Amino acid sequence: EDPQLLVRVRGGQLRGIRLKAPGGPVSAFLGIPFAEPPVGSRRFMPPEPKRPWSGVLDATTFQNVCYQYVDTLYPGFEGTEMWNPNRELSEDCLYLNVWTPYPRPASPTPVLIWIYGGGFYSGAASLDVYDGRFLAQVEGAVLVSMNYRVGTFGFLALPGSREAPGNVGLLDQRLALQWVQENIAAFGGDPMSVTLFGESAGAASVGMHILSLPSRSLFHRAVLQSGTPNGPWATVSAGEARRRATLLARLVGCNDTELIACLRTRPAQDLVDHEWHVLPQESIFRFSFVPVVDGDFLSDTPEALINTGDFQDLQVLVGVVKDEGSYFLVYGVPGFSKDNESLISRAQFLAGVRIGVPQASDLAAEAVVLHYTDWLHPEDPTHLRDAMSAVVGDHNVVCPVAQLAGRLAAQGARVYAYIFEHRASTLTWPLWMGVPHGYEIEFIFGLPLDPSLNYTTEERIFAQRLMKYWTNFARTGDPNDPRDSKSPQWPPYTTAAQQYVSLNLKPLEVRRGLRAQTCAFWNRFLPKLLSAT
Amino acid sequence: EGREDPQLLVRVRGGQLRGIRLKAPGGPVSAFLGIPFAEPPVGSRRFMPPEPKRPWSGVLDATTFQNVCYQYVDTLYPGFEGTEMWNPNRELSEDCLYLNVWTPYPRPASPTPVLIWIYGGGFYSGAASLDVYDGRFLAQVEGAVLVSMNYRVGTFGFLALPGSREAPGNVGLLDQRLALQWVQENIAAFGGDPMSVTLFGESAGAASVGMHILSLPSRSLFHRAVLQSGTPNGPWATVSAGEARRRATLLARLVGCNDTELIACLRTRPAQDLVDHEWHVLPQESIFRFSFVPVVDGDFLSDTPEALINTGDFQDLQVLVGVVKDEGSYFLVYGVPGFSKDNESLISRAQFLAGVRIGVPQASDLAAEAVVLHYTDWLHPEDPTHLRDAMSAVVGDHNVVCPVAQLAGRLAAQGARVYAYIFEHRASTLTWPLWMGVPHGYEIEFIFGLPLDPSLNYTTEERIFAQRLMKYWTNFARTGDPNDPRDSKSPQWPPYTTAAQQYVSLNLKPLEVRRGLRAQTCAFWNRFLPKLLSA
Ligand SMILES: CCN1CCN(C2CCN(C(=O)COc3ccc(-c4ccccc4)cc3)CC2)CC1
Ligand SMILES: CCN1CCN(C2CCN(C(=O)COc3ccc(-c4ccccc4)cc3)CC2)CC1
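So this is what it looks like as C-alpha cells:
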C-alpha cells in the first residue's frame, strides 16, 4: 500500500499506480471522473460536476473513449491505428488522467494540460503518443489530460435551444480545467502555473479557451500545435450548425425540444452512421460537428475576437509541421494513396483544389491553381502532388496559424513560433507525405526515450530538447534554457521581424516570415475575392 | 560629274543620289542620308496613307539627315543628356518621310545582308537621325547594310476615324511598309541583299516590327525580325477602333472641330496646334500610355495582336527578342508622384498604391490590390527602397517583360525559332540616377556600336562588349542564329522553347543561360488578371 499512490481530491480518495519510465518511476492516476456521465437525458447537454464517491476509487487504468467514428481506410495499418480508440467506446467517457513524478513533487510544480485532436469527431487521452510518463519523469512536470465529447455528442447544436446549446465538448474541457484548479495541488501541482497544449482540433480548442473569458481564469500559458480557432474548419455559424443538426435528425427519423428528444432516444452508432453525410460539399479537412459561434462560449467569430482582443499578459507557443496537408489527401482527393507515389496530372490538381477549398468560386479556385503552379515545370506530376499538399496545408493550418501569431504578437501577447521538419524514422506513411500532420507529438511527449520503440539514438536526443523547450515554456513562458548560452536563442515572434525557428536534428536556426507571400494570398487577397465575387 | 567620288554616286528608282563618305573608327563608310521614299504627307495628305515619291530630275543631294517628323518634344529636364539624346536633332516638319542608308566603303562585291531599323518613342516621338541610331559602325565593322526610315508619329501618323476615307489610321505603319518596299526595289543598287532583310526596332519600334509580322502584305518585305523591349501585344501598343474614334473626335473638339467635315477641319490646323493637345485625350492619368497608336482597323491588323499571335502560323519565322533589366524605371519620373531623377525616389506604401493606379490605369480596385499584394515584400512592406523598386517592376512587367514573355511563348509554340535575352549592363556613361538601373532604351547604343567611338569615353570592356553584341545581331540577320559557327568554344545561345524556356544574360561577363523570364510574375499578368477583369 503505497502512500504515494494515494490521494484525496474533493470528490474522495483515489488509488494511483506506479509506472516504470526509462529513467525511473512515476505516479499515474488514470480514469478519474470529473463529470457526471453525459448519458440519456444529459446527451447534448453541458457537463455537470461529478458526485462525491465512497471509499477508494481505483484510478489505475485508462477509462473509456468518447463514442466516436473510427477510421477504416487502412485496416491494420499502424499509421492509422495509432490514432484509433484503444479502449472500449462509450458516452460514459468524461474522465481525466494525471502523471506526477515519484515521489510526489516536494514543491508546487508547473501543470501541463493536454487537449487531444481528431477533427472534433475523434480522439482519446489514452493513446500511446499522449503518454505523459516521460515528461513527468524527465522534466518533473505534472501532466494532465482529459477526454471530451466529440462528434454529435460534443458539438451537435440547435443554437438558442436549452437541450442542445452547443459547445458542450468545449465545456467538458473547461470543467476538467476547473478540476485541475480545485484538485491538482493535492498531486504536487501548481494551479497558478497551468499550461494548455494541444494539437489540431486540440490546438483550436486551446485557442477557443483563449478567446472565452470564463476559461481564462483557468490557465496562464498556451501552446497551439498545428491548429487554430480561426480558419476554415474549427468553427461554424449558428445557422449552419442548426442546418446540420436538423439534417442528421432527418437522416435518423426525426420545435427544438421535440427534435432533440427523438435524438436522445437513438443508439450512439445510429448518429455516427450519418455523421459524415451532412457536409455541404465534397471536401477534406472538413468536419461535420465542431464548435459553434453561439454568442456564449464564443461571443463572436474567432477572427473577430482575435482581431479585437487584448492579449497583454498572455504567452503563447505556436507552430506547424513541414507537411500539414499530405495526410488529408489520401482521404478524398482522387489520385492519392499511401501505397503509391501519388503522382498526379494537372487536371487532377484542379479537381483536388475544389475539394481542398470547397468554398472557392471558379475564379478563386483558378487563382489558387495559378499561384501554386510551378510555371517552369507546370505539368510535372511531382510538383503538382507536392503542391496539392501545400494548398491543403496552408489553407487549413499554416496561414491560419500565421494570421493568429500575427494578431496575438501585435496586440500585446508574447509569441514563440516553430516549424517541425524532422520525419520519425519509425514512420509508416510513405515518403512523399514527408512530415505529416500529427507526427511532432510523439517527440514532444518523449516516446523516443523508450528504447523498445526502436527510435534512433539521435531522435532520443532530439526528443529531450523538445521536452525541454515545452516545459521551460511551461515554467517561464520562454522555451529558452535559463542556463544555456550559444545555441542560438529562440527569439519571440513579432509582426516586424516575424522570426521563427526550425525544429529538427540540427541546432535551432532562426528564419523570418512564415510562408509570408503565400499567406498574404490566403489571408489578404482571396477573402477580397469572395467579398466581391 | 567628273570630280566626285565614284563610290558616292548611285541611282535608285526615283533618280540619282550623291551619298557621303563618312569616317568610322575602323575605316570609311558610305552614307546616303535623306532619301525621299514618299510624297510629302502634307496639306490634303495629312492623315492619309503615303503615296510613293514621284521620280526627281538631276542628282539629289543625300549627304545630310532630313527633317524629323512633327512631334512633341520632352521638356521635363532641359539641358540634360538623358533627355536630349532622344530629342529631335533636325528641324520638325510634316515633310519628313525620308530614309537613310549606310554601306561599307567601297560597296561590297557580293550582296550583303540588310538591317532595317525602326525607332521607338511611344508612337508619338522619334527619328532615324538620332546619334544613337548611327549605322556607320555596323556597316564598317560587320559589313552590313543598315537602313532606317522616318515614319509619321502622333496624330499625323495614327489619328484614326476607323472606316473613313480621309483618316483610315495606321498610316504611320504604312510609311514604314513603303520604306520596306523601297528597300526591296532599290537596296541592290547599294549592294544589299533584298532576299535577306532583317527588321529590328526598340519600344514602339519593336511593336511596329511585330505588327509587320502580323500583317500579311508586310511579310514579303522581310525575312527575319528583332524585337527589343517592345511587342505588338500588350496594353499600350494598340487601341480599338471605338477608342481611336473617341480620341480623334475629342482632339477635334479640343482644337475647335460626318467624318469628312471633321477631318477637313483638322487639316486646316497648324501642326503645332495638334501636338499641343494630343496628350489631353488620354482616358486616364497614366504612364506608358500614348494617345495615338496603331488601331485594330480590321485591315492592316485583321484582328487584335493577342488574337493573331495566338492563332497564327510562324513555322517559317525566325525572331530575336529581349528586354533590359529595368524596363519601368524610366517611366516613373514622368508621372508617378514621389519619383525624380534628382533624389533617390524613396516612396511610401501609400505612394506605391497610388502609383499602381497610374501604371495600371485600366484596373479595378480589386485588380489594383492584387497587383499591390503580389508585389509587396511582406518581410519589409514599409521599406521605401523595396516599394520604389516594386513600382518600377510593376510598370516594367506589365508593359514590356510579360508582353514579350507572352510573345516568345506563343511564337515558339507555333513554329517560330525564338532567341531570348535580358540586357543587364548599365552604360558607364549613363547620366540617369543609379536607382533606375538599366533603363528602357539603353541597350541600343551598344547594339549600334557607339562605344567603338573613342570620343564617347566608354570603357574598353564596353568596347569589347559592344563588338560582341554587334556580332550577335548581324550573325542572326545573316543566318537566323546569333551564334558564331566558327567558334564553338564560347557558350552557345540556345533557342527559347516552351519546354526549357531558355534565354541568355547580356553583360560584360560571358553568356549565361537562364530559364523562365519572370515565369511566376508573368503568370499573374498574362493568365490571372485578364480573368479578373472578366468579373
Ligand atoms: C490527431 C491527428 N489526426 C487527425 C487527422 N488524421 C487523418 C484521419 C482522418 N482525416 C479525415 O479527413 C477523414 O475523412 C473522412 C471522409 C469520409 C468518411 C466516410 C464516412 C462514412 C462512410 C464512408 C466514408 C470518413 C472520413 C484526416 C487525416 C489522423 C491523425
Ligand atoms: C526610345 C526610348 N524613349 C522612350 C521613352 N523615354 C521617356 C520619354 C517620355 N515618356 C513619357 O511617358 C511622356 O509622358 C508625358 C506626360 C505628360 C506630358 C504633358 C503634356 C502637356 C502638358 C504637360 C505635360 C508630356 C509627356 C516615357 C519615358 C525616353 C526614351
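Residue numbers (the entry's author numbering), protein chains in the order written: chain B, 4 to 257, 265 to 543; chain A, 1 to 257, 265 to 542.
Heads up, the beta-carbon is just placed ideally off N, CA and C, and yes, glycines get one too.
{"query": "Using a threshold of 6 Å, is the CB atom of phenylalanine 338(B) nearer than that to any non-hydrogen atom of ligand 1?", "result": "yes"}
{"query": "Cα separation between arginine 433(B) and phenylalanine 483(B)?", "result": "24 Å"}
{"query": "Hey, would you say the C-beta of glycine 230(B) is under 6 Å away from at least one heavy atom of ligand 1?", "result": "no"}
{"query": "Look at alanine 427(B) and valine 326(B) and say whether their C-beta atoms are less than 7 Å apart.", "result": "no"}
{"query": "Nearest by alpha-carbon distance to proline 232(B): which of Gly342(B), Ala412(B), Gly242(B), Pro440(B) is it?", "result": "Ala412(B)"}
{"query": "Using a Cβ cut-off of 7 Å (strictly closer), state whether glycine 422(A) contacts chain B.", "result": "no"}
{"query": "Taking its Cβ as the centre, do 16 or more other Cβ atoms sit within 10 Å of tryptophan 56(B), making it buried, or is it exposed?", "result": "exposed"}
{"query": "Should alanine 526(A) be flagged as near chain B, meaning a C-beta pair shorter than 7 Å?", "result": "yes"}
{"query": "Pair every Cβ in the segment 453–461 of chain A with every Cβ in the segment 328–347 of chain A, then say whether three or more of these pairs are closer than 8 Å.", "result": "no"}
{"query": "Quick one: grab the DSSP three-state call for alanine 427(B).", "result": "strand"}
{"query": "Fully enclosed by the segment 450–492 of chain A, which alpha helix (DSSP H) runs are 4 residues long or longer?", "result": "451–454, 467–486"}
{"query": "May I ask you to list the residues that DSSP assigns as paired with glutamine 509(B)?", "result": "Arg522(B)"}
{"query": "Have a look at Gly366(B), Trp439(B), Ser148(B), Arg395(B) and flag the residue whose alpha-carbon is nearest the alpha-carbon of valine 407(B).", "result": "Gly366(B)"}
{"query": "Any heavy atom of ligand 1 closer than 6 Å to the Cβ of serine 497(A)?", "result": "no"}
{"query": "The segment 496–509 of chain B: which residues have C-beta closer than 7 Å to a C-beta of chain A, in chain order?", "result": "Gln508"}
{"query": "Report yes or no: is there a C-beta of chain B within less than 7 Å of the C-beta of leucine 386(A)?", "result": "yes"}
{"query": "Assuming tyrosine 98(B) contacts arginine 21(B) (C-beta within less than 8 Å), just tell me the rounded distance between them.", "result": "The Cβ separation is near 20 Å, so there is no contact."}
{"query": "Work out the CA separation of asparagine 150(B) and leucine 524(B) for me, nearest whole Å.", "result": "32 Å"}
{"query": "Are the CB atoms of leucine 380(B) and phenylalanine 535(A) nearer to each other than 7 Å?", "result": "yes"}
{"query": "Would you call the segment 246–253 of chain A and the segment 64–74 of chain A in contact, with 3 or more CB pairs under 8 Å?", "result": "no"}
{"query": "Closer than 6 Å to a non-hydrogen atom of ligand 1 - does that hold for the CB of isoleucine 35(B)?", "result": "no"}
{"query": "Cβ atoms of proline 41(A) and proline 52(A): under 7 Å apart, would you say?", "result": "no"}
{"query": "For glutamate 519(B), return the contacting residues in chain A, with the cut-off set at a CB-CB distance below 7 Å.", "result": "Neighbours of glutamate 519(B) on chain A: none; closest Cβ ~17 Å, over 7 Å."}
{"query": "Quick check: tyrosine 124(A) and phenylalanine 295(A), are their CB atoms within less than 7 Å of each other?", "result": "no"}
{"query": "Check this for me: beta carbons of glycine 163(B) and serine 203(B), under 7 Å apart or not?", "result": "no"}
{"query": "Could you give the residue range of the beta strand (DSSP E) that holds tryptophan 102(B)?", "result": "98–104"}
{"query": "Less than 6 Å separating the Cβ of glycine 329(B) from some heavy atom of ligand 3?", "result": "What this structure holds is ligand 1 and ligand 2, not ligand 3."}
{"query": "So for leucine 33(A), helix, strand or coil by DSSP?", "result": "strand"}
{"query": "Return the bridge partner residues of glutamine 184(A) from the DSSP annotation.", "result": "According to DSSP, which records beta bridges pairwise, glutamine 184(A) is partnered with nothing at all."}
{"query": "Roughly how many angstroms separate the alpha carbons of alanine 244(B) and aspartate 304(B), rounded to a whole number?", "result": "10 Å"}
{"query": "Please state whether DSSP places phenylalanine 200(A) in a helix, a strand or coil.", "result": "strand"}
{"query": "Could you check if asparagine 100(B) is buried or exposed, using at least 16 other CB atoms within 10 Å of its CB as the buried criterion?", "result": "buried"}
{"query": "Who are the neighbours of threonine 383(B) on chain A, taking C-beta pairs under 8 Å?", "result": "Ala530"}
{"query": "Give the DSSP-derived three-state secondary structure of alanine 237(B) in the structure shown.", "result": "coil"}
{"query": "Using DSSP with H/G/I as helix, E/B as strand and the rest coil, what is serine 93(B)?", "result": "strand"}
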